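Okay, here's what each chain looks like letter by letter:
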Amino acid sequence: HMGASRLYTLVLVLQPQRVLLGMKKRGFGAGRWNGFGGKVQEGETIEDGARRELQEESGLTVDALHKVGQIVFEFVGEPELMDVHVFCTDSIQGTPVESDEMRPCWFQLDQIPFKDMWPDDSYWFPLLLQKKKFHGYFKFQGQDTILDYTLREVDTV
Ligand SMILES: c1ccc([C@H]2COCCN2c2ccnc3n[nH]cc23)cc1
């Protein structure tokens, strides 16, 4: 996929029987549940950015973050591609709290609110729950419509 892309992180706190998601309270995608994360800044590593966003958005720090996927997004009419680095953790160091950006809630793994999530999540979340690593690409028209996609499992994220 040609063109400049912008680095983002997405963090799923996935415990044996539940996953933490946040309701995005402002900005692009407000009104959907998603993992924690955001744009990576100058002067931090991608994993540093993931930790920063998780702390800002939920108050949580973690022992370890594990690379589980990469997703490229194209939004029709937007010049910049999104290059999203997906991480998983089961080593949180506190209780999540609401932020300006995100309202956190735990969901049982059979009650993941896919209808109130980005539509791509329905495709890759199952791979995450199955502990498979993946590469995805999703081309969106607006926020609701996936026009094209690819998804595969990988050995190296
Ligand atoms: C980290 C990275 C991205 C996002 C959100 C909101 O920012 C715009 C792009 N986002 C998404 C687009 C497409 N599919 C998504 N799944 N989960 C999140 C998605 C939240 C947190």
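Residues numbered from 1 in each chain as written, not as in the entry; some residues may be left out. Heavy atoms only, no water.

This entry lists X-ray crystallography as its structure determination method and reports a resolution of 1.55 Å.

Asks: It is not clear to me how the UniProt feature "binding site: Mg(2+) 2" in the protein should be interpreted in this structure. Could you clarify?
Replies: Those places that UniProt annotates as "binding site: Mg(2+) 2" correspond, in this numbering, to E53 and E56. Along the chain, the position of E53 falls in helix α1 (residues 46–58). For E53, a relative accessible area of 11% corresponds to the buried category. Mapped onto the elements, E56 comes out in helix α1. Beyond its immediate sequence surroundings of up to four residues, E56 is in contact with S99, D100 and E101. (UniProt positions renumbered as here; feature names shortened; annotations may be inferred. Helix = DSSP H or I, 4+ residues; strand = E, 2+ residues; numbered from the N terminus. Buried < 20%, exposed > 50% of the residue type's maximum accessible area, 1.4 Å probe, protein only. Contact = heavy atoms within 4.5 Å.)

Asks: Please clarify how the UniProt feature "binding site: 2-oxo-dATP" in the protein should be interpreted in this entry.
Replies: Those residues carrying the UniProt feature "binding site: 2-oxo-dATP" are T9, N34, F36, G37, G38, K39, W118, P119, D120 and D121 in this numbering. Along the polypeptide, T9 turns up in strand β1 (residues 5–14). For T9, the contacting residues outside a window of four places in its chain are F36, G37, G38, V40, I46, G49, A50, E53, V84, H85 and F87. Relative to the elements of secondary structure, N34 occurs in strand β3 (residues 33–34). Filtering out sequence-adjacent residues up to four positions away, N34 remains in contact with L21, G22, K24, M102 and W118.

Asks: I tried to follow the site of the ligand on my own but got confused; where do I start?
Replies: Within the structure, the ligand sits among 13 residues, and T9, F28, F73, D120 and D121 are positioned closest to it. Contact between the ligand and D120: a nitrogen atom at 2.7 Å from a side-chain N or O atom of the residue. Protein chains bury 96% of the 430 Å² of accessible surface belonging to the ligand in isolation. Along the lines of polarity and charge, the residues of the shell around the ligand split into five nonpolar, five polar and three charged. (Near = heavy atom within 4 Å. Polar contact = N/O pair within 3.5 Å; in protein donor to acceptor, adjacent residues only side chain to side chain. Areas by Shrake-Rupley, 256 points an atom, 1.4 Å probe, with all protein chains shown as cover. Nonpolar A, V, L, I, M, F, W, Y, C, P; charged D, E, K, R; others polar.)

Asks: Got a minute to help me understand the state of the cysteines in this structure?
Replies: Considering all chains together, one arrives at zero disulfides under this definition. The thiol of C105 is unpaired, and the distance to the nearest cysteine sulfur, on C88, comes to 18 Å. On the accessibility criterion, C105 (32% relative accessible area) is partly exposed. (Disulfide = S-S within 2.5 Å.)

Asks: What am I meant to see in helix α2 (residues 121–129) here?
Replies: One full turn of an α-helix is made of 3.6 residues, so residues set three or four places apart face in the same direction. Residues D121, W124, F125, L127 and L128 constitute the buried set of α2. Seen from one end, α2 has its buried residues packed into an arc of 160°, which puts them on one side. In this fold, the buried residues of α2 make contact with β1, β2 (18–24), β5 (66–75), β6 (81–89), β8 (134–141) and β9 (145–153). Looking one or two residues past α2, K131 carries a phi angle of roughly 60°, positive in sign. (Arc of directions from axis to C-beta.)

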